[PDB]
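J.: Provided herewith is a single structure, encoded as structure tokens, for subsequent inquiry.
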Amino acid sequence: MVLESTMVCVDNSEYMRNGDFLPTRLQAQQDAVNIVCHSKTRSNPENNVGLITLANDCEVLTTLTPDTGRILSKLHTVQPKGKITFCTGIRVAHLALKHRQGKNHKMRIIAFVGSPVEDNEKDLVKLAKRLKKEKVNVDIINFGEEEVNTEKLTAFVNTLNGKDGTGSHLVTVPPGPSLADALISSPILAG
Amino acid sequence: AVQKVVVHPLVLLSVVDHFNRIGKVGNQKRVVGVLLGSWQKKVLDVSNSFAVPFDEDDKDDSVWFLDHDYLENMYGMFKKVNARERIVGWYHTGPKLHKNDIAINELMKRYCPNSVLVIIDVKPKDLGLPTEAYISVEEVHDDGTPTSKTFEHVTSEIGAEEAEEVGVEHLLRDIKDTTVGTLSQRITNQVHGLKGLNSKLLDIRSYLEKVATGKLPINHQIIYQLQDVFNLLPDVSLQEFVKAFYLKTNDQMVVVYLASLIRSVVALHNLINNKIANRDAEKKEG
Amino acid sequence: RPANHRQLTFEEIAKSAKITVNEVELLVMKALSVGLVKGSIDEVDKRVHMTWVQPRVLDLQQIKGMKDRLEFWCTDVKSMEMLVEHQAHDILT
Amino acid sequence: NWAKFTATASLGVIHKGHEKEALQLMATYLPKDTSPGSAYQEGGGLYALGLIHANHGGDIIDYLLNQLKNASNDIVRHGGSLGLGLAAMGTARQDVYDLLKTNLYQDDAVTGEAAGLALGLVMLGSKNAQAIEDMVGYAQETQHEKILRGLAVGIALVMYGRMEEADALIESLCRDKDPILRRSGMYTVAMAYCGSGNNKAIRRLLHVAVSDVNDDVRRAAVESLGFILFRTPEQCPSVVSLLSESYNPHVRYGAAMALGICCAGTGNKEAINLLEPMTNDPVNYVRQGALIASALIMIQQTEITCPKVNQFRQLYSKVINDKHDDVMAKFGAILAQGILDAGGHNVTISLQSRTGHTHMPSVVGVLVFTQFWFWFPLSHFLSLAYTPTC
Amino acid sequence: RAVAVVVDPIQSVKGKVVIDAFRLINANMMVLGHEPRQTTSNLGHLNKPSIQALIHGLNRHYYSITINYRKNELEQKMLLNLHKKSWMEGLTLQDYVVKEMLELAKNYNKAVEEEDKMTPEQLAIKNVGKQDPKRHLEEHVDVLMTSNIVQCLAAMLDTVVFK
């Protein structure tokens, strides 16, 4: 096993409600939460997973806790509606992981972005060299629609790592009909 | 929705100890902890409370953290060991509120639909009573804005409970009990004259804020109307109380009659025993 | 008007009212039926006595004149308060 | 503790003087040649060497400071540090300023009190501006009673006979918290005004003596008059007789001590007559302290002057030959007997010589002798208040 | 140490220090002396009342301990602030009742004053040959002092507040 803390960053914006990505996009990101919580059950249960959004608020309803059955109950009535702010999402998740219990856990975090965010590349490079001085690899999986080939988050992937800490893997969004498990099959292959 | 509060000093000391818990570590802004309560009438009571960890960066005042699992756990603890209590709000130690506090309020108004905060001061010198109460209701606006969700200043006090001062008045030890008859009245004179007319002069400094500034809510709804409740006495020169000098003489009347009669009887008290025992001691001293 | 005058003539109400003498009575009773004033209907002299009224909008010049008579009250009561306390200052011990 | 320490300390009290033969008479009583209970059959050995070399030091700087520097912990260094400061008056010892504060690092058990005493004795009446800072900007941030009370006595001891030179700092001590700096400001004005009838101390003295609610500081404040009024001692009893009727045994106890420590070289009949109903008190230890002060008042005293000598000796017989008195009444009673025949009526106390120069170890001895709630060899230092009447 | 805490919650409102704490010393040290307490001078200054005669019956391997109520500079002056500045008129601006305590005080004074003036009937000479010395000036100096001075300042309230 391995000691880390992955903060699932769901999108509750008003773009995640249609059915281009499979029979609900809510169900698409919900199956994503299913596979990451089962994956951290298959990982070390000493690790912890908590919920957070980037849109409409920074909503903490569960603590970053090693249980996730209550998170599976928190899957329901997510009601995705609001306006995206992922640039506060990185920092709010990072302070949530500076509110942890142990330092031997690593910090490999995922993120789900599904809307056009007003994110300057200077904003996310402040965040990115901040994470260079905060030791966090982030594996973002693009959902929804902002661009068919995301660039700002590609720039964050570029500006997070160098030569040793290349733990930034960006599944850009396939904005046409692509499956529910074919999106998350590549990070469960390689995060 | 809230009539007033009855708040014991014990919960304030329960704020003080967690202030001691945070003064030794890296203190970014302040304390945010749970305020339990004993809500019975539209009046309010608090017997006890406890805290919760909290940090807050200042970039978009939205990054702020509690632990609702820990909160409900120790709530279940103190609810089991005392079924009288329940949560009633929160508190903060920095005496000036900020814009994140509405997010704090509405994020904890989900357990019970009211969550009254408590401003306190760990270093109070100039204020009156530390305890303060807001409530989050809407009047929506005169211009009817999209949800002008306003804290509304509910009245407050320090509460009272039998035999909770057993520690307190034994500890402080310095109390001059029942100074009626000496200088308490002039302490109230100095402080109410100066420290209330400076509130008045800072109200007129806020009026100068309305002069040079103050377009914001300039507030021609409640200000002059409660100031008209003041303006029940427009006390301009020539003093206008020809119809009250005789009433003031009537005020002087009975008390000076008591003074004359009674203090003549007080001289009559002193002189008798003073003369008798005086010359007793004097010419029976030898 | 300056503070109240404490007693206000039929000419005043009838002059601002552009009405006769024998209607300001109905007027002040009708104001009691409205309930904006709690007044005593002083008409032994046709000169009316004043109580509390529901106020109207404080103007900018009325903000300034309010500052005038209000700071008059404020610093006069504060200054003569400090004078009373200056006489009451000697017996503290 | 004091079984060990008093057992090897009373030998050095008997060895007052005795310059050369100390090492080859305590060859069995080196710090490594005894195997104590814990640390005091080896602590009181160096204490007795400090008593032997009181105010007349040879190698009693290097020798003593090394054997305390080569000493296991702070729980040993006590009496060596006290006698080190006692003999190191004006020797400009720097290690007593260097290693004591960083020896305690925050505090000690009672050798922080020893540290305050040692730096005060080497810096007597000095205005040690290094140690004004490094003592009274140090006695606030720890919490115990012993370390703070001992630095209180130390910052009292560092300032002596000043007559103007400390009193703003004294009221700066007055504006501090309850048990420490106000108490020490009282002791420091008791030492800064030794020998004069200054009417400056008496203001805050009486004020904090009765107006205050803490009571040990009241006891200290009525103790202070014997410290400041030993040159003209006939002022006190006529007004401390009214202090004798306080609510508390604190102020009554200090009022019983004041008539003693003001006039103990004399045998005035009126102070005796006013100690009489005070040793007829309901509270036990105020009677005890009155008897202690009367044993101070009757040293060297023949019966032909004031006949209450035999009266109080047979009263001491009465209090010593029954069991149902106070527990430390016997402590005080045979203490009163050992004081009562000190040297065999050979030595006496005088805080002031005849030619107008004071006798500063007597002043030091009485201000030492008062605070016996801990470090009982503050009683043992009353040998330092004894004089060569020859 | 494992020190006990003993309390009775029905005692007083500001005064009593009801808490009681102990240290059971073992019966295995029955050979050695009981409660040495190296100095036993501040322990004797704990020994002051010989309190609780049934616990002093229970002095078989028990003794109470010193408990001071120490200062909190972070808390003491602000508790004093709470206490005083919330009880001196609350906001310090409120009462600075008054017109029926006139009659209440005149009753409470005069009805006691006639029995206060009875005893000079019985005053006489032959110094110890009479036995009933009791003071009579009590609560008619001071109650009338506080009463009339505070209510004449209440007659001053109108000139103090009003101009």
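Using Swiss-Prot numbers, chain E covers 139-234, 244-310, in order.
Every residue, even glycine, has its Cβ placed from backbone N, Cα and C.
So Swiss-Prot says this about it:
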type    : residues : note
MOD_RES : E:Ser150 : phosphoserine
MOD_RES : E:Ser224 : phosphoserine
MOD_RES : E:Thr266 : phosphothreonine
J.: Including all protein chains shown, what's the count of other C-beta atoms within 10 A of the C-beta of E:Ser224 (phosphoserine)?
T.: 18
J.: Going along the chain, which residues six or more apart from the residue listed as 'phosphothreonine' have their CB under 8 A from its CB?
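T.: Sequence-distant Cβ neighbours: E:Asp279, E:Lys281, E:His283.
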J.: For E:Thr266 (phosphothreonine), which of the three DSSP-derived states applies: helix, strand, or coil?
T.: helix
J.: Using Cα coordinates, what distance in whole Å links E:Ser150 (phosphoserine) and E:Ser224 (phosphoserine)?
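T.: Roughly 22 Å, rounded to the nearest whole number.
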J.: According to DSSP, which kind of secondary structure is E:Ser224 (phosphoserine) found in, if we only use helix, strand and coil?
T.: helix
